[PDB]
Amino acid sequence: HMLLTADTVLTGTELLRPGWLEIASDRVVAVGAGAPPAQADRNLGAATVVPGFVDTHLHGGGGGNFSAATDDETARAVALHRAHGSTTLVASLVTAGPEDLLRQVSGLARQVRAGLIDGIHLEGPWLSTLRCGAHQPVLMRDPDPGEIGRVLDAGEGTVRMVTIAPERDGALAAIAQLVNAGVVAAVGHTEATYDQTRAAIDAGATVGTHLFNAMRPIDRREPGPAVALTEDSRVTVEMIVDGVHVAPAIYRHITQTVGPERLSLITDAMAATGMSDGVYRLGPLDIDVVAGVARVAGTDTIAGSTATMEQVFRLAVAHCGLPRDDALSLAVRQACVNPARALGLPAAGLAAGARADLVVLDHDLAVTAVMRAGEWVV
């Protein structure tokens, strides 16, 4: 149906130069290096095609908040990230009271079924008040197996990931309850010790919520959660590489520690992504200054990013310390393959049978086109 060629094709596992894809219907039919098996329909130029970006932890964008759980706000959040190459999105909810939580899950679950987003992430309410950040600590509470059951029932299988503070009473049981329901259990926003975090991993936690942020630091006597999470090969750690949340040497250090398959790039994007500076909302209030740097109003407590996956992809390539081609392969694993795997999402690899989600990047790695389900979004 459509046969595309390009000077660089990243499949998830290989680097094709030049490369070509047969996309036909809604699947990738074939991929290979060299000249295509037939005449091409669209011959791209000096561009790099990568698989669609898979953002597994974001709160909104383009002025829209996923926490609003309305068709209009989700569409405008979805519109921005999709325009920038994020072909899969897991919508994150911050801490909230029991009633609103149920309303938000039900409202978003419809938009998953509708296809705008691919899943729900519960960041809160079961977090630590000492590591709140952009959350309202007063509403945080111990994970109660009754409410957990109600939320997944309300989601009809749409809750994909829940962040848990392993030091709250009943946290290890709640992790077991979540993992038995097929939900990913993540550790974050926690003052848990190394020992308490290691316990959560054995209970079934497999993801680290934005490593080093709202997280006990590494100390020579108390390693904290970050060491437990990077230690265990079952865990995929998140990192915000927007240039603000953690130093590039930290990103480099963790990649060194966990290897190519065990780190997921996320944006933690707030509603200001793609807009201008100004005062915004999340649950409390944010002020956005600098280059879209948001802090909870007058605290220097950083409240998410204003970055897109395109930007974190660019910074990962630039700051990972590898040459460009090796950097592209690493960043594609970290921004596409690994996060979808960690959350049991459809393999982002560009291989025969996979859904045709791909992004076209120019030499400077800016997005020039985006395909999802075999149709051009841009």
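Note that residue numbering begins at 1 and tracks the sequence as displayed.
Higher mean CA temperature factor between 228-236 and 296-304: 296-304, per the PDB entry. 352-360 and 19-27 differ in mean CA B-factor, and the higher of the two is recorded for 19-27.
Highest CA B-factor among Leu178, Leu89, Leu263, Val279, as stated in the entry: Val279. Considering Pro166, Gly85, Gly208, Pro137 together, the PDB entry gives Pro137 the largest C-alpha B factor. Per-chain ranking of the deposited C-alpha B factor places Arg42 in the highest third. In this PDB entry, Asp72 carries a Cα temperature factor that places it within the highest third of its chain's modelled residues. In the PDB entry, a CA B factor belonging to the lowest third of its chain's modelled residues is recorded for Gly259.
Ranked by Cα temperature factor within the chain, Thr129 sits in the highest third according to the deposited record. In the deposited entry, the Cα temperature factor of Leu322 places it in the highest third of its chain's modelled residues.
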